[PDB]
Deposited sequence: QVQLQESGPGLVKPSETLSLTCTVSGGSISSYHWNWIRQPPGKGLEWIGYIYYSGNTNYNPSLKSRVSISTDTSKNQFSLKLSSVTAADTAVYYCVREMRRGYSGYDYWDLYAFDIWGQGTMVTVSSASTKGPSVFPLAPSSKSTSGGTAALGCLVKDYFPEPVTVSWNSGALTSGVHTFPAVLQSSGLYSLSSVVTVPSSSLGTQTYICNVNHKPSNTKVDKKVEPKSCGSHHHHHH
């Protein structure tokens, strides 16, 4: 199963150019047809464009003047440039592979479903600067405990517990945008109250845009 990985900045200033690359492994660029798709938060899928490494492209007419897609066969990549961006371009961007055609070459009159997606990358269009979160303990049959992750920008932040060893009963709340224009969320986990004081609980917080990593031990107060 071919794997696709989006990479590129999660933050772009208004009027500047959004730049993303999709690195392909497990198969060649030249064997498949590729597209860019995006999804604004809580909204539907929007198609951006198509490329076959012959250089042949099809761009969504709504975006066509701002969009460029290219391939690099030596690095097994393809790329997207979206020019002069506004808040309307804030979205998760996905690179995709089309189901394999039974021919070589291209055909504007023949379209295929997307069988492989990258994980997606959040891009925020904002004039505001990246800011790492502050992390605070949420201290206690069943006991609850957590970490409050606050005042970071932009999305996303990831939370794990005990480096991924504790997954059962974990709830990581969607972030809330504050009027400050920063984000906050909590991660909580439920555990036997019998385990408190012997078992170690650490929330691992990572905010890639600021390279903030924090490991906070959460003790009974």
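Q: Need the unmodelled segments of the deposited chain, numbered from 1, in order.
A: Missing CA coords at 141-147, 229-238.
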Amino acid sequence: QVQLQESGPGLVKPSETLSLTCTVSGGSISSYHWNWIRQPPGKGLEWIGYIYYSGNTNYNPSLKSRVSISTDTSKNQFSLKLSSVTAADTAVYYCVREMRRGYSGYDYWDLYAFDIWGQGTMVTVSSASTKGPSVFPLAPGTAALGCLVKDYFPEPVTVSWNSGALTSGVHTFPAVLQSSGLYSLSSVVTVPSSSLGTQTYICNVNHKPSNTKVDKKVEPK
From here on, numbers count along this sequence of modelled residues.
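Q: Comparing 166-174 with 62-70, which stretch shows the greater average C-alpha B-factor in the deposited entry?
A: Stretch with the higher mean C-alpha B-factor: 62-70.
Q: Select between 189-197 and 27-35 the stretch whose C-alpha atoms have the higher average B-factor in the entry.
A: According to the entry, 189-197 carries the higher average C-alpha B-factor.
Q: In the PDB entry, which of 88, 135, 116, 138 has its C-alpha at the highest B-factor?
A: In this record, 88 carries the highest C-alpha B-factor of the candidates.
Q: Using the B-factors in the PDB entry, rank residue 148's C-alpha atom against the chain and give the third, lowest, middle or highest.
A: Bottom third by C-alpha B-factor.
Q: Rank-wise, by C-alpha B-factor, drop residue 44 into the lowest, middle or highest third of its chain.
A: Its C-alpha B-factor belongs to the highest third of this chain's values.
Q: Which third of the chain holds residue 122 when residues are ordered by C-alpha B factor: lowest, middle or highest?
A: As the PDB entry reports it, the C-alpha B-factor of residue 122 lands in the middle third of its chain.
Q: Divide the modelled residues of the chain into thirds by Cα B-factor and specify which third, lowest, middle or highest, holds residue 56.
A: Middle third by C-alpha B-factor.
Q: Considering every modelled residue of the chain and its Cα B-factor in the PDB entry, is residue 154 in the lowest, middle or highest third?
A: Middle third by C-alpha B-factor.
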